[PDB]
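Undergrad: Dropping the structure in here first, questions after.
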Amino acid sequence: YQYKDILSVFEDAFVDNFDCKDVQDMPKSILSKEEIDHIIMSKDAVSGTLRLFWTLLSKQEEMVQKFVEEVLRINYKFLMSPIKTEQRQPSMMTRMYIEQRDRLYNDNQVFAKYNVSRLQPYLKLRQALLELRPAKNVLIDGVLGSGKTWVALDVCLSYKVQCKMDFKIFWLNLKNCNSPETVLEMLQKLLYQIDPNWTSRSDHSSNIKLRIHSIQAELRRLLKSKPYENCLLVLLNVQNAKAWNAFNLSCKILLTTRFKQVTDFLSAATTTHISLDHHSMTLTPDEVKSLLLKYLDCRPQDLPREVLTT
Amino acid sequence: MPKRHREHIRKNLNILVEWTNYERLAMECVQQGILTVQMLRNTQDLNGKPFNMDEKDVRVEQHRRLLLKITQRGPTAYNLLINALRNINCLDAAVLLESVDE
């Protein structure tokens, strides 16, 4: 199989026990010089191990085998066993997690490769996830095209997110959803991705709105089922709070609000709200240079850029 | 080892750090094969910020550091601790260590 996929599972072990501070036996080829530095200044293990994973996945698939097979065997004694027992045997839930995760790469193919991990928000968002009650929802707002889609996928990818969420995560993009027809097919596709089964007899052209009430009730009934207790229904670029006014059926939903009206409509108590047009929310110069390196792809010529735009 | 051992080592940090000497425990553990040069250097060292505060708790904190490191080592290492402490002959901490188990 692979090593990089199995890496993302047991972050908890490394944050719990592993420490990069005592692990500084770097082979030159296994790391990009500075990260046996930048990990340390980036706190101890909550972010240091996350960025450790990010950097480790940045390279190809061999130096990770190097890490587990010779770098780890010198100091960590718990830590030989899990990877050897994980690489080959591959448990049932890891398999479904990686299936869903390969799917999440499958439907993107752009952010799936051109992503750059913006730590600090991701650090300040999955906490609302690990808290999110079966009725509450999470709001994120920021500038247009703030990577709100990018960061949403970034956080979604956290193995903790799939694991608690019971690996059932579903996306909807609120594009042109400002008509009481523009949501009908939205509800239809939501049903179908929930289940490609429908009792199409109830269709009544008399009231497109009575029909939307009926489908909301039906999909709510499907919601209150043993597997679908925690099914993740994220809404992308909410055009208006009116669209959400249909999308309220006591779920662990969460929304990336794009407009001030939408984000300010919600109650901060009943709905946690996270900003992006905020000094700490934004990208570091390190983040910016990582992105321009993701795109330009020239380390020696990276310096040839100025310092502007965010 | 189980998390019960983790909670025991963290909750009994004070008695373990007070019954046991710093340098003797360090030399014992390193000669037990428990630590290498890099990790012993890290464990003995601190932020360097605590240089401002009183040295009286510095080494003790370093000694405290030792516990925080050895809980990381494998399940039998605690038994090695059980062995290592008997090399220390500091059995007052050893009985408390063994009290939670069995």
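Residue numbering restarts at 1 for every chain of the structure tokens, chains are lettered A, B, ... in their displayed order, and ligands are numbered from 1 as they appear.
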Considering only C-alpha atoms, return as a PDB file with N, CA and C atoms, in the first residue's frame whatever protein or nucleic-acid residues lie within 10 Å of residue 240 of chain A, sequence-local ones (same chain, fewer than 6 positions apart) excluded.
TA:
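To be explicit, this is the file written out as part_36.pdb:
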ATOM      1  N   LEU A 174     -23.680  26.805  -2.715  1.00  0.00           N
ATOM      2  CA  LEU A 174     -24.854  27.662  -2.847  1.00  0.00           C
ATOM      3  C   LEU A 174     -24.613  28.678  -3.963  1.00  0.00           C
ATOM      4  N   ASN A 176     -26.418  30.555  -7.026  1.00  0.00           N
ATOM      5  CA  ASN A 176     -27.700  30.971  -7.585  1.00  0.00           C
ATOM      6  C   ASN A 176     -28.846  30.216  -6.918  1.00  0.00           C
ATOM      7  N   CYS A 177     -28.925  30.369  -5.602  1.00  0.00           N
ATOM      8  CA  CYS A 177     -29.928  29.709  -4.779  1.00  0.00           C
ATOM      9  C   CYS A 177     -30.888  30.733  -4.191  1.00  0.00           C
ATOM     10  N   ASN A 178     -31.265  31.718  -4.998  1.00  0.00           N
ATOM     11  CA  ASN A 178     -32.076  32.843  -4.555  1.00  0.00           C
ATOM     12  C   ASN A 178     -33.442  32.826  -5.228  1.00  0.00           C
ATOM     13  N   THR A 257     -20.009  31.512   5.110  1.00  0.00           N
ATOM     14  CA  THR A 257     -20.712  32.719   4.705  1.00  0.00           C
ATOM     15  C   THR A 257     -19.811  33.603   3.858  1.00  0.00           C
ATOM     16  N   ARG A 258     -20.367  34.096   2.756  1.00  0.00           N
ATOM     17  CA  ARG A 258     -19.638  34.925   1.811  1.00  0.00           C
ATOM     18  C   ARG A 258     -20.022  36.390   1.904  1.00  0.00           C
ATOM     19  N   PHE A 259     -21.209  36.687   2.421  1.00  0.00           N
ATOM     20  CA  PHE A 259     -21.735  38.040   2.478  1.00  0.00           C
ATOM     21  C   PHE A 259     -21.974  38.450   3.923  1.00  0.00           C
ATOM     22  N   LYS A 260     -21.837  39.753   4.176  1.00  0.00           N
ATOM     23  CA  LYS A 260     -22.023  40.271   5.525  1.00  0.00           C
ATOM     24  C   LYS A 260     -23.429  40.010   6.032  1.00  0.00           C
ATOM     25  N   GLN A 261     -24.435  40.192   5.178  1.00  0.00           N
ATOM     26  CA  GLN A 261     -25.808  39.927   5.586  1.00  0.00           C
ATOM     27  C   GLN A 261     -25.963  38.502   6.104  1.00  0.00           C
ATOM     28  N   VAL A 262     -25.377  37.533   5.400  1.00  0.00           N
ATOM     29  CA  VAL A 262     -25.545  36.135   5.770  1.00  0.00           C
ATOM     30  C   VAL A 262     -24.909  35.862   7.124  1.00  0.00           C
ATOM     31  N   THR A 263     -23.653  36.275   7.299  1.00  0.00           N
ATOM     32  CA  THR A 263     -22.949  35.967   8.538  1.00  0.00           C
ATOM     33  C   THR A 263     -23.529  36.728   9.722  1.00  0.00           C
ATOM     34  N   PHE A 265     -26.652  37.623  10.011  1.00  0.00           N
ATOM     35  CA  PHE A 265     -27.985  37.124  10.322  1.00  0.00           C
ATOM     36  C   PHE A 265     -27.950  36.138  11.480  1.00  0.00           C
TER      37      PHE A 265
END
Undergrad: As a ChimeraX atom specification, could you give me every residue of chain A near chain B (at most 9 Å apart, counting only C-alpha atoms)?
TA: /A:16-18,21-25,74-79
Undergrad: Would you list the contacts of residue 18 of chain B as a PyMOL selection string, taking every protein, DNA or RNA residue within 12 Å and counting only C-alpha atoms, but skipping same-chain residues closer than 6 positions in sequence?
TA: chain B and resi 12+25+57+59-61+63-64+67+90+92-93
Undergrad: Could you please take those selected residues and save N, CA and C atoms as a tab-separated table (two decimals), in the first residue's frame?
TA:
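The result, written out as again05.tsv:
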chain	number	residue	atom	x	y	z
B	12	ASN	N	1.85	11.88	40.17
B	12	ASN	CA	2.85	11.62	41.19
B	12	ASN	C	4.18	12.25	40.83
B	25	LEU	N	19.81	9.88	39.38
B	25	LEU	CA	18.80	9.30	38.51
B	25	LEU	C	19.18	9.44	37.05
B	57	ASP	N	14.47	25.70	41.83
B	57	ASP	CA	13.50	24.86	41.15
B	57	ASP	C	13.93	24.47	39.75
B	59	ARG	N	16.77	22.77	38.42
B	59	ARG	CA	17.13	21.36	38.32
B	59	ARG	C	15.95	20.47	38.65
B	60	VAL	N	15.20	20.82	39.70
B	60	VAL	CA	14.00	20.07	40.05
B	60	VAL	C	13.06	20.01	38.85
B	61	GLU	N	12.82	21.16	38.22
B	61	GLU	CA	12.02	21.17	37.00
B	61	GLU	C	12.65	20.28	35.95
B	63	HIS	N	14.52	17.76	36.63
B	63	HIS	CA	14.19	16.44	37.14
B	63	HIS	C	12.74	16.10	36.81
B	64	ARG	N	11.84	17.06	37.01
B	64	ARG	CA	10.46	16.89	36.56
B	64	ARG	C	10.43	16.55	35.08
B	67	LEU	N	10.70	12.85	34.18
B	67	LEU	CA	9.47	12.06	34.20
B	67	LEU	C	8.71	12.25	32.90
B	90	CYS	N	16.09	4.08	46.06
B	90	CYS	CA	15.08	5.04	46.52
B	90	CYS	C	13.71	4.36	46.49
B	92	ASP	N	11.25	4.31	48.58
B	92	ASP	CA	10.06	5.02	49.04
B	92	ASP	C	9.21	5.47	47.86
B	93	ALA	N	9.86	5.89	46.77
B	93	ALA	CA	9.12	6.18	45.54
B	93	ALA	C	8.73	4.91	44.81
Undergrad: Taking the DSSP secondary structure from the backbone, can you list the residues of segment 56-294 of chain A that are strand (DSSP E), as a list in words?
TA: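 Listing strand (DSSP E) positions across segment 56-294 of chain A yields residues 137, 138, 139, 140, 141, 169, 170, 171, 172, 173, 232, 233, 234, 235, 236, 237, 238, 254, 255, 256, 257, 271, 272, 273 and 274 of chain A.
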Undergrad: Among segment 2-67 of chain B, which residues does DSSP mark as alpha helix (DSSP H) when it is run on the backbone? Keep the chain and numbering as in the structure and answer as a ChimeraX atom specification.
TA: /B:3-11,13-19,22-31,37-44,55-67
Undergrad: Pick from A:6, A:63, A:140, A:123: nearest to residue 85 of chain A, with only C-alpha atoms counted?
TA: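 Of all the options, A:6 lies closest to residue 85 of chain A.
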Undergrad: Need to verify the contact set: segment 78-87 of chain B, 7 Å, only C-alpha atoms, exclusion of same-chain residues closer than 6 positions in sequence. Can you return it as a PyMOL selection string?
TA: chain B and resi 28-29+94
Undergrad: Figure out the distance between atom CA of residue 147 of chain A and atom CA of residue 98 of chain A, please, to one decimal in Å.
TA: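 Atom-to-atom, atom CA of residue 98 of chain A to atom CA of residue 147 of chain A, that is 23.6 Å.
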Undergrad: Please determine, counting only C-alpha atoms, which residue among A:271, A:2, A:256, A:287 has the shortest atom-to-atom distance to residue 142 of chain A.
TA: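 Looking at the shortest contact to residue 142 of chain A, the residue is A:256.
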Undergrad: Please identify all polymer residues within 12 Å of residue 202 of chain A, counting only C-alpha atoms, omitting same-chain residues fewer than 6 positions from it, and present them as a list in words.
TA: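 What passes the distance filter is residues 208, 210, 211, 212, 213, 214, 215 and 218 of chain A.
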Undergrad: Atom CA of residue 95 of chain B to atom CA of residue 33 of chain B: how many Å, to one decimal?
TA: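 If I compute the distance from atom CA of residue 95 of chain B to atom CA of residue 33 of chain B, I get 23.0 Å.
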Undergrad: State, in Å with one decimal place, the distance from atom CA of residue 99 of chain B to atom CA of residue 17 of chain B.
TA: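 Atom CA of residue 99 of chain B sits 17.0 Å away from atom CA of residue 17 of chain B.
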